[PDB]
Amino acid sequence: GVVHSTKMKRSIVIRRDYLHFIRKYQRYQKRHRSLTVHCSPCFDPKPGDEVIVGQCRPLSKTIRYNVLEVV
Amino acid sequence: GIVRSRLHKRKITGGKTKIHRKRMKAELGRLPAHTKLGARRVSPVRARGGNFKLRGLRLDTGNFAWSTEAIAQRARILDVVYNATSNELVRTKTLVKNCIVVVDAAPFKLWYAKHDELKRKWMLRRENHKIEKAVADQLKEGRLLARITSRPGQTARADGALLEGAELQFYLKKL
Amino acid sequence: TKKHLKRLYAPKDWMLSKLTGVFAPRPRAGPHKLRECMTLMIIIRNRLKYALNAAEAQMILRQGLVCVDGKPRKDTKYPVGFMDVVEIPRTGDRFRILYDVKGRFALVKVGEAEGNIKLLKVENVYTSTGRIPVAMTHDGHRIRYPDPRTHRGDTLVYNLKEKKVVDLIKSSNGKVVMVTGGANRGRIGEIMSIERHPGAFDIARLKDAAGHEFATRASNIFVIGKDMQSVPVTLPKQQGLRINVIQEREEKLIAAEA
RNA sequence: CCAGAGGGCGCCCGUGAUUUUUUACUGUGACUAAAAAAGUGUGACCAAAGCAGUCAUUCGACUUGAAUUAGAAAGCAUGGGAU
RNA sequence: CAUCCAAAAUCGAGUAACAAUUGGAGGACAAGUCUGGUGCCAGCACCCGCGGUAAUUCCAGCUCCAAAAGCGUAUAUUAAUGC
RNA sequence: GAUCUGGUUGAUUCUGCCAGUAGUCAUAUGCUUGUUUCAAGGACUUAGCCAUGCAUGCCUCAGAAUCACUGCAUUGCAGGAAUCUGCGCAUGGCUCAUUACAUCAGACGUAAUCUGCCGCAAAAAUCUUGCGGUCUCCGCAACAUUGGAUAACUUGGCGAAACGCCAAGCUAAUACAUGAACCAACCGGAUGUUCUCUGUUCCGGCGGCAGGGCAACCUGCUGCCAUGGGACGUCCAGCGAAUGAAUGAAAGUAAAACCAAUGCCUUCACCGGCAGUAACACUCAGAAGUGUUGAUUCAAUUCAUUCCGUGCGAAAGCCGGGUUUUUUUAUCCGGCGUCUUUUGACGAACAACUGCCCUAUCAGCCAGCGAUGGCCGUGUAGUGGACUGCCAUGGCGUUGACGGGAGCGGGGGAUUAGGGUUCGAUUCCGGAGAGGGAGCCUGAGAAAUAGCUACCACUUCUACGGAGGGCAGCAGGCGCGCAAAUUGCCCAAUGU
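Below is the structure:
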């Protein structure tokens, strides 16, 4: 997912975007999950950069992810 | 009763959850135990694991450890100097993990003098050893600053480690 | 806690019917999982036919006339999964359950000294207290003091006459290996390759005799022997080779003309 | 119970990339409850049905049968490299 | 349910009274050039339309038609719908 | 079967709906039926109210019998009440009210946790018992020889009734409370004012004595110890849990002393020299130099302090097979039962990837009192704004947030040539509920409702002092609506 915003302290906001398919119209649609993540103080990626994120134990109310790497 | 749940709370969208389910006994808060100073009193509670956990009230003794030399001895908890969480806590001398505290310091003194067959062991241990200055001044007087590194509110035992130079120098300056 | 099971929600590898009854037995927990096991009562009644009714199975088992692992059982419900030797000494017969080709429980009949042999796949190894190493198996058996060469997912030949472990067999290289679950059940072949995907299931590619390769999960590998001429235990009715749909139908007809 | 020679696979780790590289799509393969549906066998007298039964001819045989396919997205592996 | 009316010995149809009904016959839609009664009344008619004394549609009888141990009626829903 | 037939006009060709037409485990309703085979069945209208009866209890060979209970027996045996004890009753069954980032389905994780019964297994801490003398002290002996109550029962009873209750006297255990020396392996550390080898020297320390002293200190003399191992004495040592510390390898070439310790080779030497080399200054010349994982602060090991009842009995347990006559015996064996520890299974509890009807005449929503995040704690079996305190100002939205309406979700049903259209209250799976709400105990598991406590709406008894009831369990009754069965028989089958 990319970087939607860099706002918050040690927490970033990632936006995944994918394609859902509808059978009747035989045509795709764009749908995005805006998600929150805890960005390690090692990294600090700029808006528009792409991030990789893993599966960790809960860390806040919304945050479940962590930043492994940055592109 | 008391519960731990996201289902009485607002969502990220600012909306409200709607219920369909009466609260479980699986989710279950209980009231906080208050560990202070004074005579030891321990009231168990039964827990979900089929075992008991112990509510420390009023612990005035702890099992304290000196870093670097891999030792420990019991001693008496006298005062609480400091805490991160609140000032209010400190004044009532509540004991909860990561409170800086004050201890009798007597057994540590005793130990360190022991740190004909005996006699040459001492000289070997004196060699290749040193101690921080801010430590030794306090240890001379017979008071010390330590931290309580076990949670006493769910074990009813208060164990702590003794501050060493890097960290000691910080907590000192906060006073 | 579940204490009831319905015939449909129960496996049909136990070969129950839609009609007749409403419930099926839920066995007591033991070596094997709910789906992969077959309960005592099912075997005795519906297959062997030493019982015509539920109550008759209690009559035989509670009394005791039946052993599994060479131990006598007074248990009415107990699991019987895979590589278990069951012996009724009254008949004098020794069955070894296995996975037959086409997803069926095999009941295969063995020489008496083979029924003291058993094979258990290892799941974890770990050191326990006193530095005493332990291999924990897929049947929940604890092998104290396993060989220092033991690894996860290897087989340990296990004497039931007196409990110990002789030489192991590894999952390394091409070796004769058979599948458990995944609907390639009872199919036997060499390991051609072992793929790795870390953090996910590790695919393995097997090649059975007379070619026709295929893929199954590492988890579903269970070793048999070093080689097909070094096997320690018997094969079920079919050798571990499947055939095409057309050939099934053809042969069914050919025999029906007798 | 081979000095030397380049080595040849397997295993693990370290280092190196001028900018590694992906995805849709497709073929093949994994992984996926039963009931229900499609379907194979079978004269429950036929039939909706069922998973049964059938044969010698006795103090059992058939290695008895109870096949197999589909089952939206999404996730999995691996070919292909046009759009 | 099945098997039987003796194996020595056990029942029974001829109007085969052991007797099939529910909706239709102007058009759409399979079946009346009918006969009596009613006469814009009574009523029928999903819709188009019938009835003002000359009714293929009403109210009766006969005749014939469709389905059949099932057949009409109401409402919803799907097909009919490329409305 | 991939179907176009009537109806606008004087007549005609269109557009266009209406009507005709065939299905429906889809319901009602009219009329009519001689048999068989197979079945839905008070979901729809009120998750409205309920008369009456019934719906989870259970013991063998193996936990407790002195029924003043019954037979056989004649101080011996077998049945055996209801009572204590253990286990289960949270599952099945029934009902769809809430409900749209909920719930559920496919796939996935729990290195973030609990787990009775079942399976394979593990177990070396423990100063006790008896007798004699005797001070509460010793000496011997060693299937360990342990202690105290409570029900049924008996006696007195109480009350209008009550699945309401009282006093006294009894007496059991696999209930409860105590407690096991010897048996006893292996593994270390702390050591001692114990003596035995020792370092053929002085750079240091300690003790004693004398002299001077500003009492800080200096000088002289004597004794002991200095990189060492034996012998003997003492204290701590197990499993589980808490804290600190160490461990839980490594993979960036081969010159040849320069410094101390020390081994081997070598001579005679404390000279020379580096051929040999897991470890190895003891009783072991191999008795772990090496846990599993993609990944671990995890497994496990070591050392230092701990645990105080809220952890750890060989059930101080029961029943059999014999041998072997003397049975009644430390002669042996078998089957059950239980404590704690350990981890597979059966489940419990969380989290997330993807998907889901209508509505904008619902467009902004969220933070005093947590909204989004960071920091430290608290709590929970556990992760977490789950919660306190402090700090930061974020989070979501036309790719439809938020609000409202309709609806338990899915597998699946009906209909369709295909694409689709529509249904799902209901047999299987998942969730939720038991008049409406909340709180709680017990248990491995419950926020249980044929368990408890309270309130509210109802509702039943009472000589009115009080005491109860919860059918959306099966029949059945009342009410309701267009609409739906017997107060039947059985545990033979299928399960628990």
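Protein chains in written order, with PDB author numbering: chain X, 88 to 158; chain Z, 2 to 116, 157 to 216; chain L, 2 to 259.
Don't be surprised by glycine CBs; every beta carbon is placed ideally from N, CA and C.
Following the continuous beta strand (DSSP E) through residue 155 of chain X, name the residue where it begins and the one where it ends.
Start and end: 152-157.
So the candidates are L/71, L/87, L/88 and L/186; which of them puts its Cα closest to the Cα of residue 240 of chain L?
Checked all of L/71, L/87, L/88 and L/186; the closest Cα to residue 240 of chain L is L/186.
Quick check on residue 252 of chain L: does DSSP put it in helix, strand or coil?
Three-state result, residue 252 of chain L: helix.
Of the choices Z/17, Z/50 and Z/81, whose alpha-carbon is the least far from that of residue 26 of chain Z?
Comparing Cα-Cα distances from residue 26 of chain Z to each of Z/17, Z/50 and Z/81, the minimum goes to Z/50.
What distance in whole Å lies between the Cβ atoms of residue 108 of chain L and residue 48 of chain L, which are believed to be in contact at a cut-off of 8 angstroms?
The Cβ separation is near 7 angstroms, so the contact holds.
Distance check for residue 238 of chain L and residue 258 of chain L, CA to CA, integer angstroms please.
C-alpha separation (whole angstroms): 22 angstroms.
State the start and end residues of the unbroken beta strand (DSSP E) segment that holds residue 122 of chain X.
Unbroken beta strand (DSSP E) run through residue 122 of chain X: 114-124.
Compare the C-alpha of residue 105 of chain X against each of X/138, X/132, X/88 and X/152 and name the closest.
Among X/138, X/132, X/88 and X/152, the Cα nearest to that of residue 105 of chain X is on X/88.
Is it buried or exposed, residue 122 of chain L, if we count other Cβ atoms within 10 angstroms and call 16 or more buried?
Buried, because 16 or more other Cβ atoms sit within 10 Å of the Cβ of residue 122 of chain L.
Three Cβ pairs or more, each shorter than 8 angstroms: is that satisfied between the stretch 56-67 of chain L and the stretch 19-31 of chain L?
The stretch 56-67 of chain L is not in contact with the stretch 19-31 of chain L.
Strictly by DSSP, which residues pair up with residue 223 of chain L?
According to DSSP, which records beta bridges pairwise, residue 223 of chain L is partnered with L/179.
If you compare alpha carbons, which of L/126, L/145, L/115 and L/153 is closest to residue 161 of chain L?
Among L/126, L/145, L/115 and L/153, the Cα nearest to that of residue 161 of chain L is on L/115.
Give the C-beta separation of residue 154 of chain L and residue 172 of chain L to the nearest angstrom, bearing in mind that I take them to be a contact with Cβ-Cβ under 8 angstroms.
Going by Cβ atoms, the distance from residue 154 of chain L to residue 172 of chain L rounds to 5 angstroms, so yes, they are a contact pair.
Go to residue 54 of chain Z, then tell me how far its beta strand (DSSP E) extends in each direction, as first and last residue.
53-58 is the extent of the beta strand (DSSP E) around residue 54 of chain Z.
Would a C-beta distance cut-off of 7 angstroms place residue 198 of chain Z and residue 103 of chain Z closer than the cut-off?
No.
Is DSSP giving residue 60 of chain L helix, strand or coil here?
Looking at residue 60 of chain L - three-state DSSP - the assignment turns out to be helix.
Give the DSSP bridge partners of residue 87 of chain L, in chain order.
Answer is L/69 and L/96, bridged to residue 87 of chain L.
Mark residue 47 of chain Z as exposed unless 16 or more other C-beta atoms lie within 10 angstroms of its C-beta, in which case mark it buried.
Residue 47 of chain Z should be labelled exposed.
How is residue 15 of chain L classed by DSSP in three states: helix, strand or coil?
The answer is coil: DSSP assigns residue 15 of chain L none of H, G, I, E or B.
For residue 56 of chain Z, count neighbouring C-beta atoms within 10 Å of its own C-beta (all shown protein chains included) and say buried if the count is 16 or more, exposed if not.
Its Cβ being crowded by 16 or more others within 10 Å, residue 56 of chain Z is buried.
Given a cut-off of 7 angstroms, decide if residue 7 of chain Z and residue 30 of chain Z are closer than it, judged by their beta-carbon atoms.
Going by C-beta atoms, residue 30 of chain Z is not nearer than 7 angstroms to residue 7 of chain Z.
What does the Cβ neighbour count give for residue 164 of chain Z, buried or exposed, with the cut at 16 atoms within 10 Å?
That one is exposed.
In the DSSP assignment, what are the bridge partners of residue 137 of chain L?
According to DSSP, which records beta bridges pairwise, residue 137 of chain L is partnered with L/125 and L/143.
Identify which residue in L/137, L/117 and L/37 has its Cα closest to the Cα of residue 125 of chain L.
Checking every option, the nearest Cα to that of residue 125 of chain L belongs to L/137.
To the nearest angstrom, how far is it from the Cα of residue 88 of chain L to the Cα of residue 107 of chain X?
Distance between the alpha carbons of residue 88 of chain L and residue 107 of chain X: 57 angstroms.
Using DSSP with H/G/I as helix, E/B as strand and the rest coil, what is residue 79 of chain Z?
DSSP places residue 79 of chain Z in strand when its eight states are reduced to three.
With 16 as the cutoff for other CB atoms within 10 Å, does residue 85 of chain L come out buried or exposed?
Classification for residue 85 of chain L: buried.
Using the three-state DSSP reduction, which class does residue 211 of chain Z fall into: helix, strand or coil?
Looking at residue 211 of chain Z - three-state DSSP - the assignment turns out to be helix.
Do residue 39 of chain L and residue 26 of chain L have their C-beta atoms within less than 7 angstroms of each other?
In this structure, residue 26 of chain L does not lie closer than 7 angstroms to residue 39 of chain L by Cβ.
Output yes or no for whether 7 angstroms exceeds the beta carbon distance between residue 219 of chain L and residue 206 of chain L.
Not a contact, by the Cβ cut-off of 7 angstroms.
For residue 29 of chain L, which residues of its own chain have a beta-carbon under 6 angstroms away from its beta-carbon, when the five flanking residues on both sides are left out?
Excluding positions up to five away in sequence, the list reads 78.
Starting from residue 193 of chain L and walking both ways along the alpha helix (DSSP H), at which residues does that stretch end?
Element bounds for residue 193 of chain L: not the alpha helix (DSSP H) but the beta strand (DSSP E), 189-195.
Grab the span of the beta strand (DSSP E) containing residue 170 of chain L for me, first residue to last.
Segment 165-170, the beta strand (DSSP E) holding residue 170 of chain L.
If you draw a straight line from the C-alpha of residue 153 of chain Z to the C-alpha of residue 202 of chain Z, how long is it?
Between 116 and 157, chain Z has no modelled residues, and residue 153 of chain Z is one of the positions in that gap.
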